[PDB]
>>> print(open('data_5.tsv').read())   # TSV, C-alpha atoms and all ligand atoms
chain	number	residue	atom	x	y	z
T	22	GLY	CA	-39.67	-25.67	-35.97
T	23	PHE	CA	-42.90	-23.63	-36.34
T	24	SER	CA	-46.74	-23.57	-36.88
T	25	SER	CA	-48.73	-25.60	-34.37
T	26	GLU	CA	-52.23	-24.19	-35.02
T	27	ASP	CA	-52.98	-26.68	-37.82
T	28	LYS	CA	-52.71	-29.55	-35.29
T	29	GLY	CA	-55.14	-27.89	-32.94
T	30	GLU	CA	-52.50	-26.41	-30.66
T	31	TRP	CA	-52.45	-22.65	-30.23
T	32	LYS	CA	-49.37	-20.69	-29.24
T	33	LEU	CA	-48.98	-16.94	-28.72
T	34	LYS	CA	-47.05	-15.43	-31.60
T	35	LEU	CA	-44.28	-13.22	-30.19
T	36	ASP	CA	-42.81	-10.36	-32.20
T	37	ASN	CA	-39.23	-9.35	-32.95
T	38	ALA	CA	-38.75	-8.03	-29.42
T	39	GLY	CA	-39.99	-11.28	-27.90
T	40	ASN	CA	-43.22	-9.47	-26.95
T	41	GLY	CA	-46.78	-10.60	-27.67
T	42	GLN	CA	-50.44	-10.23	-26.69
T	43	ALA	CA	-53.95	-11.71	-27.06
T	44	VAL	CA	-57.35	-12.36	-25.49
T	45	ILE	CA	-58.31	-16.02	-25.01
T	46	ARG	CA	-61.05	-17.66	-22.94
T	47	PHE	CA	-60.52	-20.85	-20.95
T	48	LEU	CA	-63.17	-23.44	-21.58
T	49	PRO	CA	-64.93	-25.75	-19.13
T	50	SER	CA	-64.73	-29.51	-18.94
T	51	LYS	CA	-66.03	-31.07	-22.17
T	52	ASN	CA	-67.17	-34.05	-20.13
T	53	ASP	CA	-69.24	-34.30	-16.93
T	54	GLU	CA	-68.25	-33.04	-13.50
T	55	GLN	CA	-64.74	-31.62	-13.61
T	56	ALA	CA	-61.17	-31.45	-14.93
T	57	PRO	CA	-61.25	-28.54	-17.44
T	58	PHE	CA	-57.43	-28.64	-17.02
T	59	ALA	CA	-54.97	-31.45	-17.70
T	60	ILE	CA	-51.85	-31.65	-15.53
T	61	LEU	CA	-48.98	-33.66	-17.03
T	62	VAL	CA	-45.49	-34.10	-15.58
T	63	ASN	CA	-42.38	-34.82	-17.61
T	64	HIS	CA	-38.61	-34.69	-17.72
T	65	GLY	CA	-36.89	-32.80	-20.51
T	66	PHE	CA	-33.09	-32.52	-20.60
T	67	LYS	CA	-30.01	-32.77	-22.77
T	68	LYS	CA	-26.79	-34.28	-21.50
T	69	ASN	CA	-23.81	-35.60	-23.46
T	70	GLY	CA	-25.52	-33.88	-26.38
T	71	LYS	CA	-28.41	-36.34	-26.25
T	72	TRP	CA	-31.96	-35.51	-25.18
T	73	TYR	CA	-34.28	-37.18	-22.69
T	74	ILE	CA	-37.81	-35.84	-23.02
T	75	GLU	CA	-40.50	-38.18	-21.65
T	76	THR	CA	-43.69	-38.13	-19.63
T	77	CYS	CA	-43.51	-38.96	-15.92
T	78	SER	CA	-45.79	-41.33	-14.01
T	79	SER	CA	-45.49	-39.25	-10.86
T	80	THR	CA	-48.33	-37.53	-12.77
T	81	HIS	CA	-50.63	-40.01	-11.01
T	82	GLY	CA	-48.56	-40.90	-7.94
T	83	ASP	CA	-46.43	-43.59	-9.56
T	84	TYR	CA	-42.92	-42.18	-9.03
T	85	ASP	CA	-41.28	-45.62	-9.01
T	86	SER	CA	-42.12	-46.42	-12.65
T	87	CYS	CA	-39.94	-43.45	-13.72
T	88	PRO	CA	-36.11	-43.90	-14.08
T	89	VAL	CA	-35.44	-40.22	-13.61
T	90	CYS	CA	-37.60	-40.10	-10.48
T	91	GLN	CA	-35.62	-43.03	-9.03
T	92	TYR	CA	-32.34	-41.39	-9.94
T	93	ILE	CA	-33.15	-38.12	-8.18
T	94	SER	CA	-34.49	-40.09	-5.19
T	95	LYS	CA	-31.58	-42.58	-4.72
T	96	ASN	CA	-28.88	-39.91	-5.08
T	97	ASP	CA	-30.68	-37.15	-3.12
T	98	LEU	CA	-29.67	-34.94	-6.06
T	99	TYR	CA	-31.78	-32.07	-4.72
T	100	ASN	CA	-29.19	-31.92	-1.92
T	101	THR	CA	-26.06	-33.75	-3.17
T	102	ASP	CA	-25.99	-32.44	-6.75
T	103	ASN	CA	-28.27	-29.46	-7.19
T	104	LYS	CA	-26.86	-28.77	-10.65
T	105	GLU	CA	-27.85	-32.19	-11.95
T	106	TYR	CA	-31.13	-31.62	-10.11
T	107	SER	CA	-32.39	-28.51	-11.84
T	108	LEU	CA	-31.41	-30.11	-15.15
T	109	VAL	CA	-33.04	-33.44	-14.44
T	110	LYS	CA	-36.04	-32.37	-12.31
T	111	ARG	CA	-39.61	-33.17	-13.39
T	112	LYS	CA	-41.55	-30.44	-15.22
T	113	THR	CA	-45.30	-29.77	-14.78
T	114	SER	CA	-47.36	-28.49	-17.72
T	115	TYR	CA	-51.04	-27.53	-17.85
T	116	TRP	CA	-53.38	-27.75	-20.86
T	117	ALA	CA	-56.74	-26.26	-21.63
T	118	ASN	CA	-59.27	-26.02	-24.44
T	119	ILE	CA	-59.43	-22.31	-25.22
T	120	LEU	CA	-61.42	-19.88	-27.39
T	121	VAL	CA	-59.25	-17.27	-29.05
T	122	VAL	CA	-61.22	-14.04	-28.65
T	123	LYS	CA	-58.61	-11.66	-30.13
T	124	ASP	CA	-55.26	-12.60	-31.72
T	125	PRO	CA	-53.77	-9.45	-33.41
T	126	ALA	CA	-50.68	-11.31	-34.65
T	127	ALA	CA	-52.88	-13.80	-36.47
T	128	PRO	CA	-56.57	-12.66	-36.73
T	129	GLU	CA	-57.63	-15.83	-38.54
T	130	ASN	CA	-57.50	-17.60	-35.19
T	131	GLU	CA	-60.19	-15.53	-33.51
T	132	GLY	CA	-63.42	-17.35	-32.75
T	133	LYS	CA	-61.66	-20.71	-33.09
T	134	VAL	CA	-61.01	-23.25	-30.33
T	135	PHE	CA	-57.61	-24.90	-29.63
T	136	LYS	CA	-55.75	-26.75	-26.89
T	137	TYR	CA	-53.34	-24.46	-25.02
T	138	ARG	CA	-50.36	-25.32	-22.77
T	139	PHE	CA	-48.98	-23.20	-19.88
T	140	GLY	CA	-47.12	-23.07	-16.56
T	141	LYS	CA	-47.31	-22.00	-12.92
T	142	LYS	CA	-47.57	-18.25	-13.46
T	143	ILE	CA	-50.81	-18.42	-15.47
T	144	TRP	CA	-52.05	-21.36	-13.41
T	145	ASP	CA	-51.54	-19.22	-10.29
T	146	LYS	CA	-53.45	-16.38	-12.02
T	147	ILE	CA	-56.35	-18.80	-12.56
T	148	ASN	CA	-56.26	-19.95	-8.93
T	149	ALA	CA	-56.03	-16.55	-7.35
T	150	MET	CA	-59.36	-15.75	-9.10
T	151	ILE	CA	-61.19	-17.99	-6.57
T	152	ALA	CA	-58.99	-16.95	-3.69
T	153	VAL	CA	-60.04	-13.32	-3.39
T	154	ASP	CA	-59.79	-10.40	-0.96
T	155	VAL	CA	-63.30	-9.47	0.21
T	156	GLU	CA	-62.18	-6.16	1.71
T	157	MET	CA	-61.20	-4.99	-1.78
T	158	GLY	CA	-64.62	-5.78	-3.19
T	159	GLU	CA	-63.42	-8.96	-4.82
T	160	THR	CA	-65.62	-11.99	-5.36
T	161	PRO	CA	-64.41	-15.44	-6.47
T	162	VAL	CA	-64.59	-16.42	-10.14
T	163	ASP	CA	-64.69	-19.71	-12.06
T	164	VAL	CA	-63.00	-18.21	-15.13
T	165	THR	CA	-64.00	-21.33	-17.11
T	166	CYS	CA	-67.73	-20.87	-16.59
T	167	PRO	CA	-69.36	-20.00	-19.96
T	168	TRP	CA	-71.65	-17.55	-18.13
T	169	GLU	CA	-69.67	-16.27	-15.11
T	170	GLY	CA	-66.17	-16.47	-16.56
T	171	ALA	CA	-63.73	-13.77	-17.49
T	172	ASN	CA	-61.65	-13.54	-20.66
T	173	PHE	CA	-57.90	-13.52	-20.08
T	174	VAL	CA	-55.44	-11.03	-21.49
T	175	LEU	CA	-52.21	-12.88	-22.36
T	176	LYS	CA	-49.26	-10.46	-22.46
T	177	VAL	CA	-45.60	-11.40	-23.02
T	178	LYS	CA	-42.35	-9.43	-22.91
T	179	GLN	CA	-38.79	-10.74	-22.39
T	180	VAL	CA	-36.95	-10.24	-19.14
T	181	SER	CA	-33.52	-11.80	-18.64
T	182	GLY	CA	-34.05	-13.80	-21.82
T	183	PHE	CA	-37.23	-15.19	-20.32
T	184	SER	CA	-40.83	-14.60	-21.24
T	185	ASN	CA	-42.48	-12.65	-18.41
T	186	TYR	CA	-46.26	-12.92	-17.92
T	187	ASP	CA	-46.70	-10.05	-15.39
T	188	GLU	CA	-49.02	-8.05	-17.65
T	189	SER	CA	-51.39	-10.98	-18.10
T	190	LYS	CA	-54.71	-10.53	-16.34
T	191	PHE	CA	-58.35	-11.51	-16.13
T	192	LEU	CA	-61.06	-9.07	-17.19
T	193	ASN	CA	-64.45	-8.48	-15.66
T	194	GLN	CA	-66.99	-11.31	-15.69
T	195	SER	CA	-69.13	-12.02	-18.72
T	196	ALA	CA	-70.84	-14.66	-20.84
T	197	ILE	CA	-69.31	-16.09	-23.98
T	198	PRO	CA	-71.51	-14.37	-26.59
T	199	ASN	CA	-73.85	-16.74	-28.46
T	200	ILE	CA	-73.11	-19.43	-25.83
T	201	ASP	CA	-76.83	-20.12	-25.34
T	202	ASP	CA	-77.24	-20.92	-29.03
T	203	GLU	CA	-77.24	-24.64	-29.82
T	204	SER	CA	-75.49	-24.41	-33.21
T	205	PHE	CA	-72.71	-22.24	-31.76
T	206	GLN	CA	-72.47	-24.17	-28.52
T	207	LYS	CA	-72.17	-27.41	-30.39
T	208	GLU	CA	-69.65	-26.08	-32.88
T	209	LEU	CA	-67.49	-24.82	-30.03
T	210	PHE	CA	-67.69	-28.22	-28.32
T	211	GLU	CA	-66.89	-30.02	-31.55
T	212	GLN	CA	-63.57	-28.23	-31.35
T	213	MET	CA	-62.86	-29.20	-27.71
T	214	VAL	CA	-60.59	-32.20	-27.16
T	215	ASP	CA	-60.74	-34.62	-24.19
T	216	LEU	CA	-58.01	-33.45	-21.86
T	217	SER	CA	-58.05	-36.74	-19.90
T	218	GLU	CA	-56.69	-38.34	-23.06
T	219	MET	CA	-53.35	-36.68	-22.29
T	220	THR	CA	-53.19	-38.26	-18.89
T	221	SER	CA	-54.18	-41.82	-19.71
T	222	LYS	CA	-51.55	-44.52	-20.39
T	223	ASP	CA	-49.39	-42.31	-22.65
T	224	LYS	CA	-46.65	-42.95	-20.09
T	225	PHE	CA	-44.19	-45.54	-21.30
T	226	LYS	CA	-45.40	-47.87	-18.53
T	227	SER	CA	-42.44	-49.93	-19.65
T	228	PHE	CA	-40.16	-48.31	-17.08
T	229	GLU	CA	-37.61	-50.64	-18.70
T	230	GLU	CA	-38.07	-48.87	-22.05
T	231	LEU	CA	-37.75	-45.61	-20.20
T	232	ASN	CA	-34.66	-47.04	-18.47
T	233	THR	CA	-32.57	-48.12	-21.46
T	234	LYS	CA	-33.50	-44.72	-22.88
T	235	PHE	CA	-32.45	-42.90	-19.74
T	236	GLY	CA	-29.41	-45.21	-19.99
T	237	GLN	CA	-28.10	-44.26	-23.43
T	238	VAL	CA	-28.86	-40.61	-22.65
T	239	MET	CA	-26.80	-40.70	-19.47
E	301	ZN	ZN	-40.23	-38.95	-13.11
>>> encode(input="data_5.tsv", output="structure tokens")
Amino acid sequence: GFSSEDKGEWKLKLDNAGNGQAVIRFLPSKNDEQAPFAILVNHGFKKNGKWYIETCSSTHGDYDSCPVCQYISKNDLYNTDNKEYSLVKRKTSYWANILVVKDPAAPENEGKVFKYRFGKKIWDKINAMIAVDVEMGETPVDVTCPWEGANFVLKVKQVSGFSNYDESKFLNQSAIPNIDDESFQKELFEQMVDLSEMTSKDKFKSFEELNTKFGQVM
């Protein structure tokens, strides 16, 4: 497998030592009000040498329409079979429209906009920006605001065979340069996808489809 950029999906290029770094900027909601971040739940496991990788409807409260959700529920796997559990458990992913400010490993990406996926560690980092400590001179930040945001420094290094994001961190506040220019603003926005698209009926609402599939995989 390889290159994702061409399809509008950016991924941090890691080097030989599994390390990597960049400066990206999380963009606000394309559309009115809110939701600059998409939250999608799935299940992704291999068993018997087969793979089950599908979206989950728990993503909008509907746990019943998901075979794997029912399985974990009926069998209390969390408790009765914790090994099956961690394998089978639902996975949460977050997506954003981002502006690559600096990408040393691939400079042609800078200034371009892509959709970016991530997990709890970077999500937490985004949330702790609003939950600050006043006694340390901290003030809350909407890192997605084009005028009050803060670029993010994405830094990776392998620990225990796992990418560790501990060096990642938000910089001071600032405005996206040129943001107030209509040509620029509109070219940036032309590059932003509708994140709600990812959370519409992309779920095989045919739990039955999902079930025969879960079936031959199990
Ligand atoms: Zn599920």
>>> residues_near_ligand(input="data_5.tsv", ligand="ligand ZN 301 (chain E)", cutoff="6 Å", atoms="all atoms listed in the file", output="list in words")
residues 77, 79, 84, 87, 89, 90 and 111 of chain T
>>> atom_distance(input="data_5.tsv", atom1="CA of residue 41 in chain T", atom2="CA of residue 180 in chain T")
13.0 Å
>>> closest_residue(input="data_5.tsv", among="T:142, T:67, T:171, T:88", to="residue 233 in chain T", atoms="only C-alpha atoms")
T:88
>>> atom_distance(input="data_5.tsv", atom1="CA of residue 228 in chain T", atom2="CA of residue 86 in chain T")
5.2 Å
>>> closest_residue(input="data_5.tsv", among="T:231, T:134, T:162, T:48", to="residue 78 in chain T", atoms="all atoms listed in the file")
T:231
>>> atom_distance(input="data_5.tsv", atom1="CA of residue 135 in chain T", atom2="CA of residue 196 in chain T")
18.9 Å
>>> closest_residue(input="data_5.tsv", among="T:175, T:71, T:230, T:93", to="residue 188 in chain T", atoms="all atoms listed in the file")
T:175
>>> closest_residue(input="data_5.tsv", among="T:104, T:95, T:136, T:127", to="residue 216 in chain T", atoms="all atoms listed in the file")
T:136
>>> residues_around(input="data_5.tsv", residues="residue 60 in chain T", least_positions_apart="6", cutoff="10 Å", atoms="only C-alpha atoms", output="PDB file with C-alpha atoms, keeping the file's coordinate frame")
ATOM      1  CA  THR T  80     -48.330 -37.530 -12.770  1.00  0.00           C
ATOM      2  CA  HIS T  81     -50.630 -40.010 -11.010  1.00  0.00           C
ATOM      3  CA  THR T 113     -45.300 -29.770 -14.780  1.00  0.00           C
ATOM      4  CA  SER T 114     -47.360 -28.490 -17.720  1.00  0.00           C
ATOM      5  CA  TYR T 115     -51.040 -27.530 -17.850  1.00  0.00           C
ATOM      6  CA  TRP T 116     -53.380 -27.750 -20.860  1.00  0.00           C
ATOM      7  CA  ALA T 117     -56.740 -26.260 -21.630  1.00  0.00           C
ATOM      8  CA  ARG T 138     -50.360 -25.320 -22.770  1.00  0.00           C
ATOM      9  CA  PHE T 139     -48.980 -23.200 -19.880  1.00  0.00           C
ATOM     10  CA  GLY T 140     -47.120 -23.070 -16.560  1.00  0.00           C
ATOM     11  CA  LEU T 216     -58.010 -33.450 -21.860  1.00  0.00           C
ATOM     12  CA  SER T 217     -58.050 -36.740 -19.900  1.00  0.00           C
ATOM     13  CA  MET T 219     -53.350 -36.680 -22.290  1.00  0.00           C
ATOM     14  CA  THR T 220     -53.190 -38.260 -18.890  1.00  0.00           C
TER      15      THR T 220
END
>>> closest_residue(input="data_5.tsv", among="T:224, T:190, T:123, T:146", to="residue 64 in chain T", atoms="only C-alpha atoms")
T:224
>>> closest_residue(input="data_5.tsv", among="T:107, T:160, T:172, T:206", to="residue 193 in chain T", atoms="only C-alpha atoms")
T:172
>>> residues_around(input="data_5.tsv", residues="residue 161 in chain T", least_positions_apart="6", cutoff="10 Å", atoms="all atoms listed in the file", output="MDAnalysis selection string")
chainID T and resid 148:155
>>> write_last_selection(input="data_5.tsv", atoms="C-alpha atoms", output="short mmCIF file (atom, residue, chain, number, x, y, z; two decimals), keeping the file's coordinate frame")
data_model
loop_
_atom_site.label_atom_id
_atom_site.label_comp_id
_atom_site.auth_asym_id
_atom_site.auth_seq_id
_atom_site.Cartn_x
_atom_site.Cartn_y
_atom_site.Cartn_z
CA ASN T 148 -56.26 -19.95 -8.93
CA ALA T 149 -56.03 -16.55 -7.35
CA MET T 150 -59.36 -15.75 -9.10
CA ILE T 151 -61.19 -17.99 -6.57
CA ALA T 152 -58.99 -16.95 -3.69
CA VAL T 153 -60.04 -13.32 -3.39
CA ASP T 154 -59.79 -10.40 -0.96
CA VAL T 155 -63.30 -9.47 0.21
#
